[PDB]
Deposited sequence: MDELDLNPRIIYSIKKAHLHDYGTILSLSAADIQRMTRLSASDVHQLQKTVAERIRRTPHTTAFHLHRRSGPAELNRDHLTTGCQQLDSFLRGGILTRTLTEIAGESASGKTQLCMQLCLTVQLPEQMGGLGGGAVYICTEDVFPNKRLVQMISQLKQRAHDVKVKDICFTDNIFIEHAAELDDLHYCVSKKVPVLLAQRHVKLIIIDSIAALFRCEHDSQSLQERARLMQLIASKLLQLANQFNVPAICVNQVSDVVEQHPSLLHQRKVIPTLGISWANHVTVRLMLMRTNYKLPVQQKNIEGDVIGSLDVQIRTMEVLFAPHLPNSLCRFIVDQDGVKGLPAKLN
């Protein structure tokens, strides 16, 4: 590691890890080895310069976007122009987006839709890659996915999308317990990101695995596994330039003794870049059913749902209406 002459004191001084060196003071260096501030300064200067790190840039370069490439982010379309503008582009890569919401609020529908849009070419708002869907709860709704795929190929007027085999690039994993989920995220998922060009990670649901243990030794273990899984998710999102999306059940009735609070606590929240919440409303929207060669036949009711930005570095605390139908999740024009 660099020059051996100054080394004669630090190899003998029980400190050869580059990170540990940069913590203590130059006079404390003199305390451990018989070296001068001239050497103590030059020792820590070379160590700090040795550590590889993304280089300096300016916000103007990020805007242009003409700095280090690993600082650029990409937008994954939601498939709907109205939701995309609400999110100022859609799902951001190198971020952890949390989608919380009550039961049957559309969280799974939205995530399945992103498993389709991620495979579109970049010109159409995709990332040109597959998706891994980690299930901890029910069986995957394959019948519903195949319906959305067929509706997408039917409504797309470009052969480029029709010749995509969506089902072949969506990899479903099942994690039964918290420790297994950590193995899947830390060991299984990176293989998919490197070898099968997966461009989207979905976990549904991280909160469900926090089911019922209630041993403090496990509770320390439950929180220790959270930080590791959440940290690994962020590390993969940055390293492979992909969005990481976690579904979470918002725990309403206990915290609010219609207002709501997400489940996993503040330690989890500190990892979330963008947190969205989906809710159901009582209101319904009349929509005409028309099919394809057959024509408008009558009106049916769709449930009106809300999407809210609880926090995000770049979005206001806004709300937007949306629906779920055969095609999937569709925004509603304001307001």
Not represented among the modelled residues are deposited positions 1-4, 262-267, 346-347
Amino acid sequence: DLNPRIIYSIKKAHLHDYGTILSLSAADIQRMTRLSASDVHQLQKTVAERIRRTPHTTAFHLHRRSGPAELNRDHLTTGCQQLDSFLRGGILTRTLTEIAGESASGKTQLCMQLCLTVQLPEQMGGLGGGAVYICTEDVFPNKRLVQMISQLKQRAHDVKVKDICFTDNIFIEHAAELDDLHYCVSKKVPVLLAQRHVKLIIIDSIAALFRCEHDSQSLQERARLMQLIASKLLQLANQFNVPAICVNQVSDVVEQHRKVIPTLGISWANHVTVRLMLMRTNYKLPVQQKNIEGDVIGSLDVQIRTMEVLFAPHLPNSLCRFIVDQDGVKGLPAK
From here on, numbers count along this sequence of modelled residues.
Once average C-alpha B-factors are taken from the entry for 307-315 and 320-328, the winner is 320-328
Averaging the C-alpha temperature factors as deposited, the higher value of 248-256 versus 97-105 falls on 248-256
From the entry's CA B-factor values, the highest among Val272, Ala37, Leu62, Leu276 is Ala37
Looking only at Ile266, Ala69, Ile297, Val287, the Cα with the top B-factor belongs to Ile297
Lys188: CA B-factor among chain residues, third -> middle
Chain-relative C-alpha B factor for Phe240 (record values, thirds): the lowest
Split the chain's modelled residues into thirds by Cα B-factor; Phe166 lands in the middle
Assert third(CA B-factor, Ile261) within chain per record equals highest
Binned into thirds over the chain's modelled residues, the C-alpha B-factor of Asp215 lands in the highest
